[PDB]
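target28.cif follows; it contains mmCIF, C-alpha atoms and all ligand atoms.
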data_model
loop_
_atom_site.label_atom_id
_atom_site.label_comp_id
_atom_site.auth_asym_id
_atom_site.auth_seq_id
_atom_site.Cartn_x
_atom_site.Cartn_y
_atom_site.Cartn_z
CA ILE A 1 -43.60 -6.97 -18.82
CA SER A 2 -41.13 -9.19 -20.68
CA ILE A 3 -37.57 -9.19 -19.33
CA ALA A 4 -34.48 -11.12 -20.44
CA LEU A 5 -31.63 -11.85 -18.02
CA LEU A 6 -28.08 -12.60 -19.18
CA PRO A 7 -26.00 -13.62 -16.15
CA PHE A 8 -22.26 -14.10 -16.40
CA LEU A 9 -20.69 -17.51 -17.09
CA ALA A 10 -20.02 -18.28 -13.41
CA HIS A 11 -22.08 -20.25 -10.89
CA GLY A 12 -21.64 -17.52 -8.27
CA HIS A 13 -23.69 -15.24 -10.56
CA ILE A 14 -26.34 -17.72 -11.76
CA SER A 15 -28.16 -18.16 -8.43
CA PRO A 16 -28.95 -14.43 -7.92
CA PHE A 17 -30.30 -14.15 -11.47
CA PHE A 18 -32.37 -17.31 -11.02
CA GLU A 19 -33.88 -16.11 -7.74
CA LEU A 20 -34.58 -12.72 -9.31
CA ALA A 21 -36.37 -14.64 -12.07
CA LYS A 22 -38.44 -16.52 -9.50
CA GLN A 23 -39.30 -13.28 -7.70
CA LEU A 24 -40.20 -11.20 -10.77
CA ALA A 25 -42.20 -14.03 -12.35
CA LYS A 26 -44.51 -14.50 -9.35
CA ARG A 27 -45.59 -10.82 -9.50
CA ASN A 28 -47.15 -8.85 -12.38
CA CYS A 29 -46.90 -12.11 -14.41
CA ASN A 30 -43.60 -10.97 -15.92
CA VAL A 31 -42.90 -13.05 -19.03
CA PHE A 32 -39.39 -14.00 -17.95
CA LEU A 33 -36.48 -15.19 -20.08
CA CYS A 34 -33.05 -16.27 -18.82
CA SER A 35 -30.16 -16.97 -21.18
CA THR A 36 -26.87 -18.73 -20.33
CA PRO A 37 -25.17 -21.96 -21.54
CA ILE A 38 -27.06 -25.12 -20.61
CA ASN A 39 -24.16 -26.11 -18.34
CA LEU A 40 -25.12 -23.15 -16.13
CA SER A 41 -28.87 -23.46 -16.80
CA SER A 42 -29.27 -27.08 -15.70
CA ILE A 43 -28.22 -26.47 -12.08
CA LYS A 44 -31.57 -24.70 -11.63
CA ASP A 45 -33.71 -27.51 -13.05
CA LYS A 46 -35.72 -28.06 -9.86
CA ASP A 47 -38.54 -25.69 -8.87
CA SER A 48 -38.50 -23.18 -11.73
CA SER A 49 -42.01 -23.36 -13.17
CA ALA A 50 -42.60 -19.60 -13.45
CA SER A 51 -39.58 -18.52 -15.51
CA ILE A 52 -38.63 -19.51 -19.06
CA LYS A 53 -35.05 -20.72 -19.48
CA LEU A 54 -33.17 -20.05 -22.71
CA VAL A 55 -30.11 -21.79 -24.11
CA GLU A 56 -26.95 -20.11 -25.39
CA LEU A 57 -24.53 -21.71 -27.83
CA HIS A 58 -20.90 -21.29 -28.86
CA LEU A 59 -18.57 -23.16 -31.23
CA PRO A 60 -14.97 -24.27 -30.56
CA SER A 61 -11.55 -23.27 -31.89
CA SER A 62 -8.49 -25.13 -33.24
CA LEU A 63 -15.66 -18.58 -20.83
CA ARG A 64 -12.31 -17.12 -21.99
CA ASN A 65 -12.30 -16.35 -25.76
CA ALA A 66 -15.67 -18.08 -26.24
CA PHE A 67 -17.30 -15.31 -24.20
CA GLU A 68 -15.60 -12.74 -26.45
CA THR A 69 -17.12 -14.45 -29.51
CA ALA A 70 -20.61 -15.59 -28.41
CA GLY A 71 -21.88 -12.02 -28.83
CA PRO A 72 -23.64 -12.61 -32.16
CA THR A 73 -25.43 -15.62 -30.65
CA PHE A 74 -26.91 -13.39 -27.93
CA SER A 75 -27.79 -10.79 -30.58
CA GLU A 76 -29.67 -13.42 -32.60
CA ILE A 77 -31.39 -14.58 -29.40
CA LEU A 78 -32.47 -11.01 -28.65
CA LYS A 79 -33.77 -10.53 -32.19
CA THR A 80 -35.72 -13.80 -31.95
CA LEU A 81 -37.29 -12.88 -28.60
CA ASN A 82 -37.49 -9.08 -28.91
CA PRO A 83 -37.82 -8.55 -25.14
CA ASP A 84 -38.76 -5.25 -23.55
CA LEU A 85 -35.72 -5.09 -21.25
CA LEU A 86 -32.35 -6.75 -20.66
CA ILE A 87 -30.69 -7.27 -17.27
CA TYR A 88 -26.94 -7.90 -17.50
CA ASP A 89 -24.19 -8.73 -15.00
CA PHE A 90 -20.61 -7.55 -14.46
CA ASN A 91 -18.61 -8.95 -17.35
CA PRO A 92 -20.76 -9.57 -20.45
CA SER A 93 -18.96 -6.51 -21.93
CA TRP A 94 -20.97 -6.63 -25.17
CA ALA A 95 -24.42 -7.26 -23.70
CA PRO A 96 -25.08 -3.52 -23.08
CA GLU A 97 -23.54 -3.00 -26.51
CA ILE A 98 -26.03 -5.33 -28.23
CA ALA A 99 -28.90 -3.93 -26.16
CA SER A 100 -28.02 -0.54 -27.65
CA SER A 101 -28.05 -2.17 -31.10
CA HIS A 102 -31.57 -3.65 -30.87
CA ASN A 103 -33.04 -0.53 -29.18
CA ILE A 104 -33.51 -2.55 -25.98
CA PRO A 105 -32.92 -0.85 -22.60
CA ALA A 106 -30.23 -2.53 -20.50
CA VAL A 107 -30.39 -2.39 -16.69
CA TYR A 108 -27.33 -3.35 -14.66
CA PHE A 109 -27.62 -5.89 -11.84
CA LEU A 110 -25.00 -5.50 -9.06
CA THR A 111 -24.69 -8.75 -7.03
CA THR A 112 -22.21 -7.07 -4.61
CA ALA A 113 -22.29 -4.42 -1.85
CA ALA A 114 -23.04 -0.72 -2.35
CA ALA A 115 -20.29 0.16 0.16
CA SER A 116 -17.63 -1.83 -1.73
CA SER A 117 -18.56 -0.41 -5.15
CA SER A 118 -18.95 3.12 -3.68
CA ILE A 119 -15.21 3.32 -2.86
CA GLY A 120 -14.29 2.33 -6.45
CA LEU A 121 -16.59 4.74 -8.31
CA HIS A 122 -15.84 7.57 -5.85
CA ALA A 123 -12.24 6.86 -6.88
CA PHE A 124 -13.19 7.33 -10.53
CA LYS A 125 -15.57 10.29 -10.15
CA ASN A 126 -13.37 11.92 -7.47
CA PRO A 127 -9.74 10.91 -8.05
CA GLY A 128 -8.45 13.61 -5.70
CA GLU A 129 -11.17 13.53 -3.10
CA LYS A 130 -11.34 11.13 -0.16
CA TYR A 131 -14.21 8.85 0.79
CA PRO A 132 -17.16 10.82 2.25
CA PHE A 133 -17.36 8.20 5.04
CA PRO A 134 -13.81 7.85 6.40
CA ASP A 135 -15.12 5.27 8.90
CA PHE A 136 -15.08 2.80 5.98
CA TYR A 137 -12.05 3.79 3.88
CA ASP A 138 -9.10 6.03 4.79
CA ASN A 139 -7.61 6.93 1.38
CA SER A 140 -5.12 8.90 3.49
CA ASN A 141 -2.23 6.65 4.46
CA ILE A 142 -1.66 4.31 1.51
CA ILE A 143 -2.65 4.76 -2.15
CA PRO A 144 0.29 3.29 -4.15
CA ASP A 145 -6.87 -7.40 -14.64
CA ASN A 146 -5.25 -3.95 -14.35
CA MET A 147 -7.29 -1.05 -15.73
CA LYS A 148 -9.35 -3.45 -17.89
CA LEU A 149 -11.14 -4.28 -14.62
CA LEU A 150 -11.77 -0.62 -13.72
CA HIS A 151 -13.15 0.22 -17.17
CA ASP A 152 -15.52 -2.76 -17.09
CA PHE A 153 -16.88 -1.62 -13.71
CA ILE A 154 -17.42 1.99 -14.73
CA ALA A 155 -18.90 0.83 -18.05
CA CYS A 156 -21.46 -1.54 -16.52
CA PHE A 157 -22.35 1.25 -14.09
CA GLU A 158 -22.60 3.91 -16.82
CA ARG A 159 -24.28 1.81 -19.53
CA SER A 160 -27.27 1.10 -17.27
CA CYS A 161 -30.50 2.82 -18.31
CA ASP A 162 -31.83 5.24 -15.67
CA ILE A 163 -31.77 2.70 -12.82
CA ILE A 164 -29.29 0.16 -11.45
CA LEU A 165 -30.53 -2.96 -9.67
CA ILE A 166 -28.58 -4.10 -6.61
CA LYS A 167 -28.77 -7.24 -4.45
CA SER A 168 -28.98 -5.32 -1.18
CA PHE A 169 -31.41 -3.57 1.16
CA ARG A 170 -31.62 -0.18 2.84
CA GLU A 171 -31.46 -1.62 6.37
CA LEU A 172 -27.80 -2.61 5.85
CA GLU A 173 -26.30 0.22 3.79
CA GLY A 174 -28.89 2.77 2.66
CA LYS A 175 -26.32 5.52 3.12
CA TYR A 176 -23.91 3.79 0.73
CA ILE A 177 -26.83 3.08 -1.61
CA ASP A 178 -27.63 6.80 -1.76
CA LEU A 179 -23.93 7.58 -2.23
CA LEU A 180 -23.79 5.17 -5.18
CA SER A 181 -26.95 6.77 -6.58
CA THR A 182 -25.39 10.23 -6.43
CA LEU A 183 -22.10 8.92 -7.85
CA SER A 184 -23.44 7.00 -10.85
CA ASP A 185 -26.22 9.51 -11.71
CA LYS A 186 -28.50 6.44 -11.71
CA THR A 187 -31.20 5.43 -9.24
CA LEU A 188 -30.05 2.45 -7.16
CA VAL A 189 -32.94 0.00 -6.73
CA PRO A 190 -32.48 -2.63 -3.97
CA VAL A 191 -34.03 -6.04 -4.62
CA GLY A 192 -33.37 -7.36 -1.12
CA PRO A 193 -31.71 -10.67 -0.30
CA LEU A 194 -32.42 -13.88 -2.20
CA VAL A 195 -33.29 -17.04 -0.22
CA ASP A 196 -28.77 -34.83 -0.33
CA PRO A 197 -29.67 -37.84 1.89
CA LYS A 198 -26.71 -36.93 4.16
CA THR A 199 -28.38 -33.68 5.29
CA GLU A 200 -30.78 -35.34 7.75
CA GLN A 201 -27.95 -36.01 10.22
CA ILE A 202 -27.14 -32.29 10.49
CA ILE A 203 -30.78 -31.36 11.13
CA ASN A 204 -31.22 -34.21 13.63
CA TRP A 205 -28.12 -33.05 15.52
CA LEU A 206 -29.19 -29.39 15.39
CA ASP A 207 -32.75 -29.95 16.65
CA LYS A 208 -31.42 -31.26 19.99
CA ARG A 209 -29.64 -27.98 20.83
CA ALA A 210 -30.89 -24.91 22.67
CA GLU A 211 -31.95 -21.71 20.94
CA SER A 212 -29.17 -19.40 19.68
CA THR A 213 -26.34 -21.57 21.00
CA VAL A 214 -24.76 -23.17 17.89
CA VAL A 215 -22.05 -21.52 15.78
CA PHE A 216 -21.86 -22.33 12.07
CA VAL A 217 -18.48 -22.16 10.31
CA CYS A 218 -17.89 -22.26 6.55
CA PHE A 219 -15.38 -20.29 4.49
CA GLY A 220 -16.50 -21.08 0.94
CA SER A 221 -14.83 -22.74 -2.02
CA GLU A 222 -11.45 -21.62 -3.42
CA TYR A 223 -8.51 -20.39 -1.31
CA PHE A 224 -8.69 -23.68 0.56
CA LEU A 225 -7.17 -23.12 3.99
CA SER A 226 -3.85 -24.82 4.63
CA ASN A 227 -3.68 -27.37 7.43
CA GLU A 228 -1.79 -24.75 9.44
CA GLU A 229 -4.70 -22.37 8.82
CA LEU A 230 -7.22 -25.13 9.59
CA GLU A 231 -5.60 -25.99 12.93
CA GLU A 232 -5.88 -22.41 14.21
CA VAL A 233 -9.64 -22.17 13.68
CA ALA A 234 -10.00 -25.77 14.90
CA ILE A 235 -8.33 -25.04 18.24
CA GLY A 236 -10.23 -21.75 18.47
CA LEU A 237 -13.48 -23.69 18.12
CA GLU A 238 -12.26 -26.30 20.62
CA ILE A 239 -11.37 -23.70 23.27
CA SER A 240 -14.52 -21.66 22.60
CA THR A 241 -16.57 -24.05 24.80
CA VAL A 242 -19.47 -23.59 22.37
CA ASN A 243 -21.26 -25.99 20.05
CA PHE A 244 -20.21 -25.56 16.42
CA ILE A 245 -20.86 -27.05 12.98
CA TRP A 246 -17.85 -26.67 10.68
CA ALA A 247 -17.78 -27.35 6.93
CA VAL A 248 -14.39 -27.52 5.22
CA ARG A 249 -13.24 -28.54 1.75
CA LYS A 250 -6.78 -31.94 -4.65
CA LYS A 251 -4.71 -33.57 -1.92
CA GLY A 252 -6.58 -34.18 1.32
CA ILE A 253 -5.14 -32.44 4.37
CA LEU A 254 -6.57 -32.53 7.89
CA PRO A 255 -5.61 -31.85 11.51
CA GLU A 256 -4.35 -34.91 13.37
CA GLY A 257 -6.46 -35.98 16.33
CA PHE A 258 -8.59 -32.83 16.30
CA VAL A 259 -11.80 -34.63 15.29
CA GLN A 260 -11.09 -37.11 18.10
CA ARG A 261 -10.15 -34.49 20.70
CA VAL A 262 -13.43 -32.57 20.44
CA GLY A 263 -15.52 -35.76 20.46
CA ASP A 264 -19.00 -34.39 19.86
CA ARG A 265 -20.06 -30.76 20.47
CA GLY A 266 -19.15 -30.35 16.80
CA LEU A 267 -19.83 -31.97 13.43
CA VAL A 268 -17.36 -31.95 10.53
CA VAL A 269 -18.74 -31.82 6.98
CA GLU A 270 -16.83 -32.25 3.72
CA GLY A 271 -18.98 -30.82 0.93
CA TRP A 272 -22.31 -29.02 0.73
CA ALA A 273 -23.68 -28.18 4.19
CA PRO A 274 -27.22 -26.89 4.86
CA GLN A 275 -26.09 -23.27 5.21
CA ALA A 276 -29.57 -21.79 4.84
CA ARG A 277 -31.19 -24.55 6.91
CA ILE A 278 -28.62 -24.15 9.69
CA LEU A 279 -28.85 -20.35 9.77
CA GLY A 280 -32.65 -20.49 9.74
CA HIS A 281 -32.72 -22.97 12.62
CA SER A 282 -33.65 -21.39 15.95
CA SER A 283 -30.72 -23.14 17.67
CA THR A 284 -28.12 -21.18 15.67
CA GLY A 285 -26.77 -17.93 17.09
CA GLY A 286 -23.46 -17.47 15.31
CA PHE A 287 -21.93 -17.71 11.83
CA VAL A 288 -18.14 -17.68 11.42
CA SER A 289 -17.79 -16.72 7.76
CA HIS A 290 -15.24 -15.52 5.21
CA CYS A 291 -17.60 -12.57 4.55
CA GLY A 292 -18.86 -13.48 1.11
CA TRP A 293 -21.58 -11.08 0.05
CA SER A 294 -24.23 -13.74 -0.60
CA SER A 295 -23.14 -15.45 2.62
CA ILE A 296 -23.57 -12.19 4.55
CA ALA A 297 -27.01 -11.65 3.03
CA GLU A 298 -28.03 -15.19 4.00
CA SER A 299 -26.68 -14.70 7.53
CA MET A 300 -28.60 -11.44 7.90
CA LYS A 301 -31.89 -12.78 6.51
CA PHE A 302 -32.12 -15.15 9.50
CA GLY A 303 -30.77 -12.76 12.14
CA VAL A 304 -27.58 -14.74 12.81
CA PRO A 305 -24.63 -12.54 13.87
CA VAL A 306 -21.43 -12.62 11.82
CA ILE A 307 -17.88 -13.55 12.83
CA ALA A 308 -15.70 -11.91 10.19
CA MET A 309 -12.81 -14.00 8.86
CA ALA A 310 -12.33 -12.28 5.51
CA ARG A 311 -9.21 -12.76 3.41
CA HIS A 312 -9.26 -11.45 -0.17
CA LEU A 313 -11.29 -9.44 -2.71
CA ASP A 314 -14.32 -7.52 -1.35
CA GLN A 315 -14.67 -9.81 1.68
CA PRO A 316 -12.86 -7.35 4.04
CA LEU A 317 -14.96 -4.38 2.89
CA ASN A 318 -18.06 -6.53 3.37
CA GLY A 319 -16.86 -7.77 6.77
CA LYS A 320 -16.20 -4.42 8.41
CA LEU A 321 -19.53 -3.28 6.96
CA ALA A 322 -21.27 -5.88 9.12
CA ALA A 323 -19.20 -4.48 12.00
CA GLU A 324 -20.39 -0.92 11.29
CA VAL A 325 -24.14 -1.51 11.68
CA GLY A 326 -23.53 -3.65 14.77
CA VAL A 327 -24.65 -7.09 13.55
CA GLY A 328 -21.20 -8.68 13.52
CA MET A 329 -17.64 -8.54 14.79
CA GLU A 330 -14.22 -9.18 13.27
CA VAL A 331 -11.22 -11.11 14.57
CA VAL A 332 -7.99 -9.30 15.44
CA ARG A 333 -5.11 -9.83 13.02
CA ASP A 334 -1.35 -9.90 13.58
CA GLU A 335 0.92 -9.84 10.53
CA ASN A 336 -1.53 -12.46 9.24
CA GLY A 337 -3.54 -13.07 12.42
CA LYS A 338 -6.59 -14.31 10.52
CA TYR A 339 -5.47 -17.69 11.90
CA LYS A 340 -5.14 -17.22 15.67
CA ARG A 341 -6.79 -19.24 18.44
CA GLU A 342 -7.17 -16.45 21.01
CA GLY A 343 -8.92 -13.92 18.78
CA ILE A 344 -11.33 -16.48 17.31
CA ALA A 345 -12.30 -17.89 20.71
CA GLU A 346 -12.62 -14.39 22.19
CA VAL A 347 -14.93 -13.09 19.46
CA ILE A 348 -16.99 -16.30 19.41
CA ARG A 349 -17.52 -16.24 23.18
CA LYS A 350 -18.29 -12.51 23.17
CA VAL A 351 -20.84 -12.77 20.35
CA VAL A 352 -22.62 -16.05 21.06
CA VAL A 353 -22.58 -16.79 24.79
CA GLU A 354 -21.33 -13.61 26.50
CA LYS A 355 -23.43 -10.60 27.45
CA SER A 356 -21.05 -8.07 25.87
CA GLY A 357 -22.34 -9.19 22.46
CA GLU A 358 -26.02 -8.83 23.38
CA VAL A 359 -26.05 -5.51 21.51
CA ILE A 360 -24.91 -7.50 18.48
CA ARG A 361 -27.57 -10.16 19.08
CA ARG A 362 -30.61 -7.89 19.49
CA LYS A 363 -29.69 -5.73 16.48
CA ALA A 364 -29.31 -8.97 14.52
CA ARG A 365 -32.93 -9.89 15.28
CA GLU A 366 -34.38 -6.37 15.14
CA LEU A 367 -32.99 -6.08 11.61
CA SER A 368 -34.03 -9.61 10.61
CA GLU A 369 -37.65 -8.85 11.49
CA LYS A 370 -37.27 -5.68 9.41
CA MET A 371 -36.30 -7.79 6.41
CA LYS A 372 -39.50 -9.79 6.92
CA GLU A 373 -41.68 -6.77 7.72
CA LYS A 374 -41.06 -4.58 4.66
CA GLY A 375 -40.34 -7.63 2.49
CA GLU A 376 -41.86 -8.33 -0.92
CA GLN A 377 -42.58 -4.62 -1.45
CA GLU A 378 -38.95 -3.83 -2.33
CA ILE A 379 -39.30 -6.11 -5.36
CA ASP A 380 -42.72 -4.57 -6.07
CA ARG A 381 -41.16 -1.10 -6.29
CA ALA A 382 -38.35 -2.56 -8.40
CA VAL A 383 -40.91 -4.03 -10.81
CA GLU A 384 -42.89 -0.80 -11.07
CA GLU A 385 -39.71 1.19 -11.69
CA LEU A 386 -38.72 -1.31 -14.39
CA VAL A 387 -42.16 -0.77 -15.94
CA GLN A 388 -41.54 2.98 -15.81
CA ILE A 389 -38.17 2.54 -17.53
CA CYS A 390 -39.82 0.41 -20.22
CA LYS A 391 -42.63 2.91 -20.79
CA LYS A 392 -40.34 5.95 -20.98
CA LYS A 393 -38.32 4.25 -23.73
CA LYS A 394 -41.58 4.09 -25.73
CA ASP A 395 -40.52 7.24 -27.60
CA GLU A 396 -40.86 7.33 -31.39
CA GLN A 397 -38.92 10.45 -32.38
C1 LIG B 401 -7.39 -0.64 -5.33
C2 LIG B 401 -8.33 -0.81 -6.55
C3 LIG B 401 -7.68 -1.57 -7.74
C4 LIG B 401 -9.57 -0.33 -6.54
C5 LIG B 401 -10.29 0.42 -5.41
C6 LIG B 401 -11.54 -0.23 -4.73
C7 LIG B 401 -11.22 -1.28 -3.56
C8 LIG B 401 -11.40 -0.55 -2.19
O1 LIG B 401 -9.98 -1.85 -3.69
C9 LIG B 401 -12.19 -2.42 -3.57
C10 LIG B 401 -13.61 -1.85 -3.14
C11 LIG B 401 -14.57 -2.16 -4.34
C12 LIG B 401 -13.97 -3.44 -4.98
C13 LIG B 401 -14.08 -4.53 -3.91
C14 LIG B 401 -12.43 -2.99 -5.09
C15 LIG B 401 -11.52 -4.11 -5.74
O2 LIG B 401 -10.30 -3.49 -6.08
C16 LIG B 401 -12.18 -4.74 -7.06
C17 LIG B 401 -13.58 -5.29 -6.70
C18 LIG B 401 -14.22 -6.37 -7.75
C19 LIG B 401 -14.36 -5.74 -9.15
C20 LIG B 401 -13.27 -7.57 -8.02
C21 LIG B 401 -13.94 -8.71 -8.85
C22 LIG B 401 -15.15 -9.32 -8.09
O3 LIG B 401 -15.64 -10.44 -8.85
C23 LIG B 401 -15.44 -11.72 -8.30
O4 LIG B 401 -14.34 -12.34 -8.97
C24 LIG B 401 -13.91 -13.61 -8.45
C25 LIG B 401 -12.79 -14.24 -9.33
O5 LIG B 401 -13.27 -15.39 -9.97
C26 LIG B 401 -15.09 -14.62 -8.34
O6 LIG B 401 -14.70 -15.74 -7.57
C27 LIG B 401 -16.38 -13.98 -7.82
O7 LIG B 401 -17.47 -14.87 -8.12
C28 LIG B 401 -16.66 -12.63 -8.45
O8 LIG B 401 -17.75 -12.04 -7.80
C29 LIG B 401 -16.26 -8.20 -7.79
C30 LIG B 401 -17.07 -7.90 -9.08
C31 LIG B 401 -17.25 -8.77 -6.75
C32 LIG B 401 -15.61 -6.83 -7.16
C33 LIG B 401 -16.53 -5.54 -7.21
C34 LIG B 401 -16.03 -4.40 -6.21
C35 LIG B 401 -14.51 -4.02 -6.33
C36 LIG B 401 -14.41 -2.86 -7.36
#
Let me see the file written as structure tokens.
Amino acid sequence: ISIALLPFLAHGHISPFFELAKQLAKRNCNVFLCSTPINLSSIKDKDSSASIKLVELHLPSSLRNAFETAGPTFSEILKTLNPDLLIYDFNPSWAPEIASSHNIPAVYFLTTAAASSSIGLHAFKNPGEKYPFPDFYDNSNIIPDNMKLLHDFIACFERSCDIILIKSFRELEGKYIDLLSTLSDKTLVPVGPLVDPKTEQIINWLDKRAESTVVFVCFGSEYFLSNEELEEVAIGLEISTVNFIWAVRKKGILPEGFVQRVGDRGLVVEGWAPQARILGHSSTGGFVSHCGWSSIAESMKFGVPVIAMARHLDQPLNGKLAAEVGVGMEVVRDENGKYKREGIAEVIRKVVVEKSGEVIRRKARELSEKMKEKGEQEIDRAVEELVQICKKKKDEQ
């Protein structure tokens, strides 16, 4: 009934843990605890009445080496609370270790895709064998943090007790979920997806547009596109003849005359854009994204098709995944054709306004409704399986 969540020391991993807290606290009255430094706790000081937030402290020298030393603080926190279960992230390293010290079961929480992880663990469990689904990875042609990254992944997959929580749903990759289950010898439990004055202009502009006609573009923080990269997608949006809303992020670089040339038909935003509010709006019918996992989950929760412009890390593997189930399409690449006007305009026209992408549109809605039809019960089964894991540990000798 009482769970304690230790997310990693990164903002990209605090929001999933916080929304999981909100979702598990509103059902079965789960006495929730969430521990992380106050710097990462205070971002979620808004509508969090159901969960209980816990502080975590470290001391300086003379989060890098602090992470590697704040272990005892988490151990003291666990001894003070004595919770029935611990949910850890990717790189706490010692959190499973301490959970095994206080006789507390530790359940791993994967905030990434089953498909992506499946390639990696297949690689560990089957070094010689090839991927069971060659439509996703062809280990054939080319197989040329080092190993410290691999070991952390296989450890956080192995150290999980019985089950492994995942921020995913069956309707997107149940086959890869079952593959991961068979690979890790653990049961993969999907928890489904998970959910200032300047924002009224975006909504006011978006309300005046027709249904499923606006294309949202945002590529996330970090790896800030060069002006040469910006100009390609800018001209692709200009020649797409479709309404778009583009958000782009320390020297300031910008295309010359582009904002003037397009006049309206498009709104440029500097910082935080209403991603969820734009995707959920009925006027939106396209999302040009860098294929971040949380971004893909948000795009799929509202039935908005995906325009894949991945670049690094798991974003390609995520991207093509959206192209496998038929809810998205990728842009053609040259030597580095991720910045080309013709491919971007072609895919945008085909997905949003053309009939050839209707198969992508319908399947985007037919799946979205699915996510709202079987909703809430995924987390119910997750909670009851967590209760089963807690009650099976109740073993004296
Ligand atoms: C060829 C090799 C070596 C292995 C074969 C497997 C493979 C086909 O190739 C691909 C397929 C599976 C793969 C994508 C792998 C990559 O290798 C390594 C990634 C990685 C560990 C990298 C760090 C990432 O973690 C991010 O790290 C960023 C840095 O800060 C943050 O910005 C993000 O917030 C944070 O999520 C996260 C945990 C999401 C992923 C998890 C999945 C994994 C293993």
Near ligand LIG 401 (chain B), 7 Å: chain A residue rows, closest pairs, all atoms listed in the file, as CSV:
residue,atom,partner,partner_atom,distance
A:10,CA,B:LIG401,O7,6.8
A:12,CA,B:LIG401,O7,4.9
A:13,CA,B:LIG401,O7,6.7
A:90,CA,B:LIG401,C30,6.4
A:112,CA,B:LIG401,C31,5.7
A:116,CA,B:LIG401,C11,4.0
A:117,CA,B:LIG401,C11,4.4
A:118,CA,B:LIG401,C11,6.9
A:119,CA,B:LIG401,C10,5.4
A:120,CA,B:LIG401,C6,4.1
A:123,CA,B:LIG401,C5,6.9
A:149,CA,B:LIG401,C19,6.5
A:153,CA,B:LIG401,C19,6.6
A:313,CA,B:LIG401,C13,5.8
A:314,CA,B:LIG401,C13,3.9
A:317,CA,B:LIG401,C10,6.7
Go ahead and save the picked residues with C-alpha atoms, as a PDB file, in the coordinates of the input.
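Generated output (result_24.pdb):
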ATOM      1  CA  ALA A  10     -20.020 -18.280 -13.410  1.00  0.00           C
ATOM      2  CA  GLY A  12     -21.640 -17.520  -8.270  1.00  0.00           C
ATOM      3  CA  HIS A  13     -23.690 -15.240 -10.560  1.00  0.00           C
ATOM      4  CA  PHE A  90     -20.610  -7.550 -14.460  1.00  0.00           C
ATOM      5  CA  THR A 112     -22.210  -7.070  -4.610  1.00  0.00           C
ATOM      6  CA  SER A 116     -17.630  -1.830  -1.730  1.00  0.00           C
ATOM      7  CA  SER A 117     -18.560  -0.410  -5.150  1.00  0.00           C
ATOM      8  CA  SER A 118     -18.950   3.120  -3.680  1.00  0.00           C
ATOM      9  CA  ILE A 119     -15.210   3.320  -2.860  1.00  0.00           C
ATOM     10  CA  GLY A 120     -14.290   2.330  -6.450  1.00  0.00           C
ATOM     11  CA  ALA A 123     -12.240   6.860  -6.880  1.00  0.00           C
ATOM     12  CA  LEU A 149     -11.140  -4.280 -14.620  1.00  0.00           C
ATOM     13  CA  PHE A 153     -16.880  -1.620 -13.710  1.00  0.00           C
ATOM     14  CA  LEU A 313     -11.290  -9.440  -2.710  1.00  0.00           C
ATOM     15  CA  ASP A 314     -14.320  -7.520  -1.350  1.00  0.00           C
ATOM     16  CA  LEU A 317     -14.960  -4.380   2.890  1.00  0.00           C
TER      17      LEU A 317
END
Which residues are near range 358-363 of chain A? Cut-off 8 Å, only C-alpha atoms, ignore same chain within fewer than 6 positions. Put them as a short mmCIF file (atom, residue, chain, number, x, y, z; two decimals) with C-alpha atoms, in the coordinates of the input.
data_model
loop_
_atom_site.label_atom_id
_atom_site.label_comp_id
_atom_site.auth_asym_id
_atom_site.auth_seq_id
_atom_site.Cartn_x
_atom_site.Cartn_y
_atom_site.Cartn_z
CA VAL A 304 -27.58 -14.74 12.81
CA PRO A 305 -24.63 -12.54 13.87
CA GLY A 326 -23.53 -3.65 14.77
CA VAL A 327 -24.65 -7.09 13.55
CA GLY A 328 -21.20 -8.68 13.52
CA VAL A 351 -20.84 -12.77 20.35
CA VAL A 352 -22.62 -16.05 21.06
#
As number ranges by chain, please: the residues near residue 266 in chain A (cut-off 7 Å, all atoms listed in the file, same-chain neighbours under 5 positions excluded).
A: 243-245
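The coordinates place CA of residue 238 in chain A at 10.6 Å from CA of residue 264 in chain A.
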Counting only C-alpha atoms, the residue of A:210, A:320, A:93, A:306 that sits nearest residue 283 in chain A
A:210
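CA of residue 113 in chain A to CA of residue 316 in chain A spans 11.5 Å [interatomic distance, one decimal].
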Considering only C-alpha atoms, return as a PyMOL selection string whatever protein or nucleic-acid residues lie within 9 Å of residue 235 in chain A, sequence-local ones (same chain, fewer than 2 positions apart) excluded.
chain A and resi 230-233+237-240+258+340-341+345
List the neighbours of range 40-55 of chain A out to 7 Å using all atoms listed in the file; skip same-chain residues closer than 2 positions along the sequence, and give me the result as JSON, numbers by chain.
{"A": [11, 21, 22, 25, 26, 32, 33, 34, 35, 36, 37, 38, 57]}
From the set A:376, A:84, A:342, A:135, which residue has the shortest atom-to-atom contact distance to residue 2 in chain A, counting only C-alpha atoms?
A:84
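Taking CA of residue 143 in chain A and CA of residue 124 in chain A as endpoints, the distance between them is 13.7 Å.
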Which protein, DNA or RNA residues are at most 12 Å from (-17.1, -11.0, -15.3) in the file's coordinates when you count only C-alpha atoms, listed as a PyMOL selection string?
chain A and resi 6-14+63-64+67-68+88-95+110-111+145+148-150+152-153+156
So which one's closest to residue 343 in chain A, A:382, A:309, A:203, A:132? Using only C-alpha atoms, please.
A:309
Using all atoms listed in the file, pick whichever of A:151, A:144, A:337, A:204 has the shortest atom-to-atom distance to residue 229 in chain A.
A:337
For residue 227 in chain A, find every residue with an atom within 10 Å (counting only C-alpha atoms), except residues of its own chain fewer than 6 positions away, and show them as a JSON list (two decimals) with C-alpha atoms, keeping the file's coordinate frame.
[["chain", "number", "residue", "atom", "x", "y", "z"],
["A", 234, "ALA", "CA", -10.00, -25.77, 14.90],
["A", 252, "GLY", "CA", -6.58, -34.18, 1.32],
["A", 253, "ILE", "CA", -5.14, -32.44, 4.37],
["A", 254, "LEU", "CA", -6.57, -32.53, 7.89],
["A", 255, "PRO", "CA", -5.61, -31.85, 11.51],
["A", 256, "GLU", "CA", -4.35, -34.91, 13.37]]
